[PDB]
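Chemist:
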Amino acid sequence: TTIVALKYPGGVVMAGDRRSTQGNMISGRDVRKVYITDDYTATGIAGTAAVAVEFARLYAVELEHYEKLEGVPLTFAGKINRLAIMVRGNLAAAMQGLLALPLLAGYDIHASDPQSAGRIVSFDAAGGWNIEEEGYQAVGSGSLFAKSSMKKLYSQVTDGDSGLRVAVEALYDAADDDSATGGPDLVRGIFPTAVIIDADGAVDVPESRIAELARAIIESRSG
Amino acid sequence: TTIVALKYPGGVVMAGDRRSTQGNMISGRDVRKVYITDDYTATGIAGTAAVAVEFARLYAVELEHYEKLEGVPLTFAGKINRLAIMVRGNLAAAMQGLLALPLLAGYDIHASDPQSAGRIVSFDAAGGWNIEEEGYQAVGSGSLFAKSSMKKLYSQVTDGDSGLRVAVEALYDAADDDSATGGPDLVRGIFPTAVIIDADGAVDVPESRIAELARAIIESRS
Amino acid sequence: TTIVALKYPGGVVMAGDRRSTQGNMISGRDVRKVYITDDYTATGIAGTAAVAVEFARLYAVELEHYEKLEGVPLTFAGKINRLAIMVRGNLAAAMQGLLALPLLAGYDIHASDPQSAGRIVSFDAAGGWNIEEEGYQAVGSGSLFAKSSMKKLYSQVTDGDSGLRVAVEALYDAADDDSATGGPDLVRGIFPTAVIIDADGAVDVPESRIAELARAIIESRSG
Amino acid sequence: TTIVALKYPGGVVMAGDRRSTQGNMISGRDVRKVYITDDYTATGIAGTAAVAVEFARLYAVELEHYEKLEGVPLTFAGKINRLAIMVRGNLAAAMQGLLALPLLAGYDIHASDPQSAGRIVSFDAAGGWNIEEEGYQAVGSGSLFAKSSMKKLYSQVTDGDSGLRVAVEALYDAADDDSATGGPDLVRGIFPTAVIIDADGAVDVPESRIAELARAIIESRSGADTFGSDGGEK
Amino acid sequence: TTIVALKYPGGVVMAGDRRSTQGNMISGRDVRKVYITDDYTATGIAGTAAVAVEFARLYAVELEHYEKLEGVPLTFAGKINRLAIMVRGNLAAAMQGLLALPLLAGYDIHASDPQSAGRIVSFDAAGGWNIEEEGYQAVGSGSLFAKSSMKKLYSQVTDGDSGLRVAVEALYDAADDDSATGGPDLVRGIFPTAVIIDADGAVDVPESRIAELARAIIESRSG
Amino acid sequence: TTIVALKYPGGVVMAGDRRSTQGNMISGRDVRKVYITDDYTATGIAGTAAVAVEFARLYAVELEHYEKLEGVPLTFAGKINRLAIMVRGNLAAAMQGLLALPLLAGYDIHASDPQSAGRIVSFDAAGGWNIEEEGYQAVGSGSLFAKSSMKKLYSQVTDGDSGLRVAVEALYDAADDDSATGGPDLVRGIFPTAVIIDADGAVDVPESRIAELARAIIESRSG
Amino acid sequence: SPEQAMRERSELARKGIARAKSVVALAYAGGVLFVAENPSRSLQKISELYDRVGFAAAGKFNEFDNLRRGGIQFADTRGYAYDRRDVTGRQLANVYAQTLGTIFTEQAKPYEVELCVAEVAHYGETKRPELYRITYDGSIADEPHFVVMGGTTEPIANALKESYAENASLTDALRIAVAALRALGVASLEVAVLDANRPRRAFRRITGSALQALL
Amino acid sequence: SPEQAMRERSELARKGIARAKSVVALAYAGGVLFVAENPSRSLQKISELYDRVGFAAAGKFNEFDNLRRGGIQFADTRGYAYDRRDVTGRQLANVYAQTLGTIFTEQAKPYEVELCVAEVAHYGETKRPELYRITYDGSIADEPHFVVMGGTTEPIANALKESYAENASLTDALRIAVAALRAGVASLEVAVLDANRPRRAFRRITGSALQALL
Amino acid sequence: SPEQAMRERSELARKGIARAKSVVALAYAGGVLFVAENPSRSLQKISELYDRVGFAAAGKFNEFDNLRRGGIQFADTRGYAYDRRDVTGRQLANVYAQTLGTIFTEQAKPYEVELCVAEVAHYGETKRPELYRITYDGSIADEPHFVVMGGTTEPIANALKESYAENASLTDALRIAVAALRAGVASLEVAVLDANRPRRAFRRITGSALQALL
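Here it is as structure tokens:
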């Protein structure tokens with residue numbers, strides 16, 4: 140599994156692969172790993188698939204529960220704290236073999252500068268969270284390759300479309316160097332899913348645009 | 003044990019073998035492993051026989067209990083969630099040697115397109131569920147052989163009868179490559195059981211039809 | 140990680156590095172490890188990063204809670220006792236790999252002599268505490284190198300600026316001898332953070348002054 | 174760590190070193206290990222420093238709490254029993270590396286003979302206590318050397334000053350034979366702390382007197398080394 | 140440690156040594172191991188010294204508590220049962236190293252024949268009690284040697300003084316064959332303690348009598 | 140230890156030895172192992188001595204408690220069930236080294252035939268019970284030798300006296316082939332204890348008759 | 004008014020006790036003799052508490068039966084805890100008095116019962132038998148000769164006080180007890196004795212042909 | 004209303020105490036002498052609390068017997084916790100007063116009891132014996148010479164006040180106590196807290212010894 | 004009516020407090036002086052709460068003694084938890100006021116007590132001593148010069164208002180306190196919170212020492 144998130148001027152984009160494996164055998168080919176928790180945050184979770192789905196569902200439920208009870212949405216740091224608390228509470232299960240590492244990308248409406256309102260937060264196994272300042276982050280088995288690819292490709296990020304292309308290329312490199320991460324399946328027409336967050340909210344990226352970007356990347360690599 | 007389920011236009015069919023073993027010894031020859039949980043879903047559970055029977059009974063009881071209490075049956079996703087919760091809660095016993103892996107097949111009445119209302123759901127040891135979009139799935143010791151056979155035979159499925167024949171042939175292949183899976187017993191007249199679910203509900207397939215299909219397959223491969 | 144603290148006439152200064160590592164891999168470059176708990180104390184915690192952040196947050200919350208409840212801030216010895224109780228209670232988790240060692244520097248308003256009101260307290264893994272009497276103390280992996288450098292450099296401390304320079308030089312030596320301690324990153328413009336406490340309270344040191352001191356130290360070392 | 178206590182006619186004196194270590198590293202140089210629990214008893218605890226400080230504070234709190242609640246201080250045997258109960262309770266933590274061995278010295282105002290009212294009590298890991306009636310006792314890693322030195326030096330004790338000198342010399346010998354015990358630091362001017370208890374109560378010994386005694390002992394040892402030899406060879 | 144008890148016409152006498160050891164080092168030289176629990180019974184406990192003292196104190200407290208509550212002392216068998224219950228309850232701690240083996244000797248006022256009213260009771264680690272019929276018993280590390288000496292010397296017991304001499308000689312033999320048992324220390328003037336129980340109750344034997352007997356034995360064996 | 144029980148026309152007899160050992164050392168020579176629980180049943184327990192005494196005491200107390208509460212004694216099967224429940228409950232302690240195996244002999248007053256009213260019940264470590272239909276049974280370390288002797292000697296049993304003689308001879312054989320079982324001690328005059336139960340109740344056999352039988356057996360086997 | 008409540012409870016208990024049958028217990032040479040008016044065959048007003056301790060009561064059956072069961076439980080627990088010889092009738096009487104006082108003070112309705120605890124000497128021992136009478140309110144009295152409870156106690160008490168013979172035989176004691184009680188055959192009487200000559204358990208029932216012969 | 008109930012409870016307790024027997028305890032040369040008008044042989048109104056502490060009470064038996072058991076439990080717990088010499092009659096008297104006040108205030112019916120806690124000095128020590136009286140309400144008074152409880156106390160108190168003499172011997176103290184109590188050995192309970200005893204001062208004088216003393 | 008119940012409780016508490024002895028505590032040069040009219044030698048109405056905190060009360064003994072024990076427990080717990088110097092008399096006064104208000108409102112009978120909490124400055128420090136009076140209903144008032152509790156306070160209050168003199172020595176303060184209390188040694192309990200003491204300021208002056216100052 141590999142989930143990437145990077146900042147572009149005016150928002151943030153998160154993308155993830157579609158493969159789940161049981162050792163060396165391939166068990167899933169269309170697993171969705173990026174979720175829209177609320178109108179301005181998206182959470183991607185890597186590790187055990189069941190724990191990831193349960194974590195995303197519980198986190199979204201908690202956020203909506205607080206928003207309905209208090210009549211005002213939580214601040215970004217409050218959401219970070221709740222996610223960190225959940226990650227720390229799952230420590231015993233992670234030791235038993237149910238590890239789950241999330242990745243949080245959001246757009247802070249209350250931020251002063253609209254162009255720098257995008258936020259990326261990474262977590263460790265002990266619950267420690269750090270707000271990324273270099274503009275990109277990745278989690279999963281192929282996270283190192285995607286992060287190294289983004290370290291070289293981040294200079295091309297100028298808007299949402301270029302950032303989406305860079306994220307897709309980083310996922311392609313991660314799948315190219317890691318067998319646990321699946322690449323763009325042209326035979327079955329299965330492509331990674333992406334979420335773009337800006338001042339207007341978080342919207343799922345249509346499959347056609349991601350397919351076009353993946354085909355362009357593959358054709359560039361071929362020649 | 004091997005339980006197969008595949009989608010055909012207008013419904014879904016699930017079938018399973020009849021053999022239960024204790025190591026190498028054969029302890030049972032007519033074990034039923036496919037249950038009609040309600041009017042539109044069927045559940046097949048592989049692993050320890052006692053755990054499978056208890057799981058099927060408890061799941062059916064819970065579904066009927068909710069339907070009677072609320073006056074409205076659960077949605078398909080609610081049934082999936084309850085089954086996943088049960089599987090996740092059985093993790094401690096599974097780690098000690100009482101593993102049970104279910105396989106859920108159903109027909110969604112509230113689905114938009116009737117021809118694609120069939121649903122197949124698979125579960126893992128951690129309680130995670132995934133709605134299968136490939137059109138077929140199998141669980142048990144001989145699951146890999148049955149899935150590999152269905153990967154080649156699924157192009158012949160056009161209706162309920164062809165799907166039933168494909169499921170029977172997949173079970174035959176799984177029993178051919180796995181000793182723990184029982185094949186068609188022509189001496190005792192014991193054949194795998196199947197359930198067909200469509201817009202009219204879930205019905206048990208009569209033994210004569212499955213016997214005809216099994217004999218046709220055996221004569222084809224002889 | 141390396142956090143240093145030294146006494147100068149009329150106050151106390153604490154500084155810490157900015158690097159966090161997961162084994163040999165470098166996971167963070169702008170980690171802040173020195174916190175202002177209240178108007179006259181500063182706490183630096185070494186070890187696991189998540190435990191350090193949680194300890195600082197909980198300690199500040201407890202001190203402010205007592206101050207609001209009783210209408211009068213705790214005495215310095217009371218703060219020491221509360222921190223020691225927290226360290227002792229963290230022992231079971233510390234044995235499992237969640238160790239956190241704090242370092243407390245503060246200014247005693249109720250002390251008789253204003254020029255000797257600076258206080259430095261160090262803690263061990265068993266919760267025991269000792270009020271430092273030699274004028275300096277350090278915690279972390281690179282604590283030994285920084286302490287030995289301060290042993291030779293402490294004779295040059297005559298005011299706040301000289302003490303800050305000595306603390307920065309000690310951190311530079313600790314980073315020079317320890318790979319887990321990050322040095323001044325001139326390429327990224329990241330420098331250690333420092334806090335100066337005196338009769339007017341605890342204030343953060345601006346990054347420009349620390350950058351100037353680090354550049355002066357680097358130029359001295361190069362020639 | 175090493176704490177010594179000895180009886181002299183009319184009172185008792187307890188002294189302890191100032192060093193704390195973490196393995197071979199020296200982590201402390203002015204640690205105080207002798208506490209005045211109440212007006213007529215002093216307690217010294219060896220082992221883990223944190224457990225020692227916590228035990229001293231808790232024991233003093235318990236004694237003062239009983240005195241305030243009942244309006245009359247506990248008898249000496251009652252204090253011994255409470256300390257033994259605390260030591261016995263700490264057995265589980267001691268088995269895990271948090272051992273603390275206390276040493277109790279006090280003056281019994283209710284004793285018949287004023288000159289023999291001094292008391293020394295030693296404890297073991299199981300909480301058992303024995304009132305030492307040979308005149309001296311020691312605890313800590315270097316306790317054996319200090320006890321053997323006091324065995325030879327106890328004949329010189331005739332009053333408080335001689336007892337203090339003997340205690341300082343015993344601590345010097347213990348530090349001479351034990352690396353974990355710190356000796357008199359003349360460079361930094363750090364000397365062991367002592368407490369003297371008599372009919373007028375327990376009072377801390379001023380540092381100047383202990384410094385003078387330590388300097389005299391060091392000069393005597395240097396002079397003896399100058400006079401002495403390896404059977405004729407230096 | 141070694142504690143001996145034997146019956147003489149008209150009473151019973153119990154004696155014990157004075158040495159306590161921690162491995163090979165001698166830690167105590169005047170330990171008292173024989174206690175007068177009530178007016179007509181004596182208890183000697185061997186094993187861990189702290190556990191022995193606690194057992195004696197608790198047993199005496201319990202016996203006096205019952206006597207005050209009911210206005211009538213317990214029967215001898217009731218005392219035996221209570222001591223056995225305490226020993227049985229101490230089994231878990233005894234398995235961990237805190238072993239305590241008591242020895243009970245008493246005079247039964249309710250017995251028919253006054254000359255045969257002496258009683259000796261021995262206990263095991265499981266709490267089993269056995270009323271001794273041989274006329275003597277011993278517990279401790281040197282119990283075997285003292286018992287074997289009493290087997291050859293019991294024919295000389297005709298009154299309290301002869302029984303006391305035999306007990307002292309048995310303790311001397313046990314100390315002569317066991318290093319954990321202390322013998323008569325003539326340099327320090329420390330001698331074993333003894334208790335004599337008869338129709339008039341339990342009384343302590345003065346040190347002068349025991350010292351005289353020990354010196355007589357030593358002079359007998361010196362030539 | 141060895142306890143034997145056998146049926147004779149008109150009653151039942153149970154006998155046991157007098158030796159208790161701690162390893163190879165002999166700790167007791169007059170231990171009584173056969174108890175009269177009530178007017179028509181006798182219980183013999185083998186294994187740990189303390190557990191045996193406690194079991195006998197508790198069983199007698201429970202039976203008498205029921206008789207006093209209900210005004211009618213328990214049926215024989217009820218007594219068997221109570222003893223079996225106690226043995227089953229002692230399983231955890233038995234696995235820790237406190238094993239106790241009882242042996243129950245009783246006279247059924249409610250039995251139709253007075254000449255066949257004798258009952259012998261044997262218990263296992265799991266609490267299972269079995270009513271013996273062969274006329275004899277034994278428990279303890281020397282149980283096998285005693286049972287093999289009784290298998291050959293049971294044809295001589297015609298009344299109470301012959302049954303008592305056969306039981307004494309079986310105990311003699313068991314002590315002859317097992318060091319843990321003590322034989323007739325002619326030096327000290329200590330002989331095994333026996334209990335005879337008939338229609339008139341359970342009474343203790345006087346020591347003189349058992350001594351006569353033991354001397355007769357010894358003289359027969361001497362030549 | 005608390006005084007009014009106390010008087011009401013005392014009258015209620017007295018009326019409850021007076022309406023029941025009469026139980027008489029007197030000491031003789033061989034121990035303590037219990038004779039009670041009981042037409043029933045299953046319900047019994049005389050029972051055994053311990054080896055040398057007896058029990059007698061009169062009043063509401065379900066109350067003193069529960070008290071008897073509690074006393075048996077206490078006696079067995081004390082005997083197993085310390086020793087059998089550490090259990091005495093004095094302790095049982097004290098426990099009964101405390102329990103009855105608590106019931107008479109705190110419970111909604113006081114127990115309409117009147118207990119009698121008897122104790123004899125052990126085997127091979129000489130001691131005057133001890134008789135205790137416990138009332139509904141917790142009061143305990145020591146009776147050296149005989150105890151009369153239940154029904155109209157005045158005529159039976161006077162008849163016993165005039166016809167009491169010290170160290171009388173069993174037959175004479177039974178005759179005196181029956182004659183005083185009537186002021187009544189085997190079918191309507193229950194007889195039990197605390198035979199001090201018994202080795203361990205002194206309680207024994209004398210009914211059937213033996214009782215008729217003794218009558 | 005609260006004062007009406009207070010007076011009701013006070014009258015009830017006073018009437019209950021006045022209907023019982025009289026107990027006298029006075030300090031003499033050898034310690035404290037206890038004399039009670041107790042016709043029974045099994046029920047006892049005088050008991051021992053600890054080594055140097057005695058107990059005396061009058062009123063309803065099941066109440067002060069429970070109080071005596073509680074006091075014995077407290078004394079033994081305190082003695083085993085810290086030390087035997089840390090147990091004093093003052094602490095027992097304070098506990099009794101607090102318990103009786105709580106019972107008088109919170110329970111349905113106050114206890115109709117009147118306690119007396121006496122304490123003598125330890126062996127080889129000189130100190131005037133201490134006498135404490137605790138009443139039904141909870142008030143505790145310190146008496147230096149004698150305590151009279153239960154029944155009609157005024158004639159007995161006046162007779163003692165006229166006939167009291169310090170440092171009186173045991174025989175003289177017994178004569179004075181009996182003479183004041185009247186205003187036989189078969190209906191008298193006698194106990195002494197003998198300060199000359201090494202550890203346990205309490206001792207009962209019954210049988211021919213009491214006849215010899217009288 | 005609830006107002007009638009409040010009136011009944013207030014009258015009962017006032018009558019109970021007025022029936023007891025009078026306790027006076029006034030600040031002087033050396034700290035706080037405690038003088039109470041107590042004929043008993045065992046029961047004490049003046050005690051120590053902490054290093055620099057004293058206690059004085061008047062009324063029913065079994066109530067303010069329990070309150071004193073609770074306050075000592077609270078002070079020791081607070082001192083061990085944070086630090087000894089974190090314990091102040093104001094916190095003790097607040098806790099006492101809250102507890103007395105809860106008792107006065109919820110409990111069946113209000114406590115007939117009147118507490119005085121005094122606090123002196125630490126060693127080597129200068130600060131005016133503080134006095135706190137807590138009433139039966141929970142009301143707490145701060146008195147700058149003196150506190151008079153128990154019995155008839157109006158004559159004593161007027162006498163102190165006319166005769167008080169700040170910074171007076173111990174002897175003059177004791178004379179003023181005794182003279183105002185009248186409006187001997189065997190009937191007075193005297194304790195001082197000596198601010199010159201190093202750590203523990205509470206100290207009792209009894210016997211010949213008390214006679215010398217009189």
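Protein sequence lines correspond, in order, to chains A, B, C, D, E, F, G, H and I.
This note's numbering applies: residue 140 is where the first sequence begins, and numbers increase by one.
This note's numbering applies: residue 3 is where the second sequence begins, and numbers increase by one.
This note's numbering applies: residue 140 is where the third sequence begins, and numbers increase by one.
This note's numbering applies: residue 174 is where the fourth sequence begins, and numbers increase by one.
This note's numbering applies: residue 140 is where the fifth sequence begins, and numbers increase by one.
This note's numbering applies: residue 140 is where the sixth sequence begins, and numbers increase by one.
This note's numbering applies: residue 4 is where the seventh sequence begins, and numbers increase by one.
This note's numbering applies: residue 4 is where the eighth sequence begins, and numbers increase by one.
This note's numbering applies: residue 4 is where the ninth sequence begins, and numbers increase by one.
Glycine residues also receive a C-beta, built at the ideal position from the N, C-alpha and C atoms.
1) Quick one: is G:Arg93 near chain H, going by C-beta distance under 7 Å?
2) What do you get for H:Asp89, buried or exposed, if any count of 16 or more other CB atoms within 10 angstroms of its CB means buried?
3) Which whole-angstrom value is the C-beta distance of E:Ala231 and F:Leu237, which I expect to be below 8 Å?
4) Hey, would you say G:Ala78 sits closer than 7 Å to G:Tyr53, going by beta carbons?
5) Along the chain, where does the beta strand (DSSP E) containing G:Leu118 start, and where does it finish?
6) Can you pull out the residues from the region 176-207 of chain A whose beta carbon lies closer than 9 Å to at least one beta carbon of chain K?
7) Within the 7 Å Cβ cut-off, does D:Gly300 reach chain E?
8) Would you list the residues sitting across from D:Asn303 in a DSSP beta bridge?
9) Between the beta-carbon of D:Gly220 and the beta-carbon of D:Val207, is there less than 7 Å?
10) Please find out if some non-hydrogen atom of the ligand ADP comes closer than 6 Å to the beta-carbon of H:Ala16.
11) Determine the burial state of I:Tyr126: buried for a count of at least 16 other Cβ atoms within 10 Å of its Cβ, exposed for fewer.
12) From A:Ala188 to B:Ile111, what does the alpha carbon distance come to, in whole angstroms?
Modeler: Answer, in terms of the structure:
1) Using a Cβ-Cβ cut-off of 7 Å, G:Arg93 counts as an interface residue toward chain H, since at least one Cβ of chain H sits closer than that to its own.
2) buried
3) In fact, because the Cβ distance is near 12 Å, the residues do not count as touching under 8 Å.
4) yes
5) Bounds of the beta strand (DSSP E) holding G:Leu118 are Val116 to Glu122.
6) The structure shown contains no chain K; its protein chains are A, B, C, D, E, F, G, H and I.
7) yes
8) D:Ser295
9) no
10) Of the ligands one can find in the structure shown there are none, so the ligand ADP has no counterpart to examine.
11) exposed
12) 29 Å
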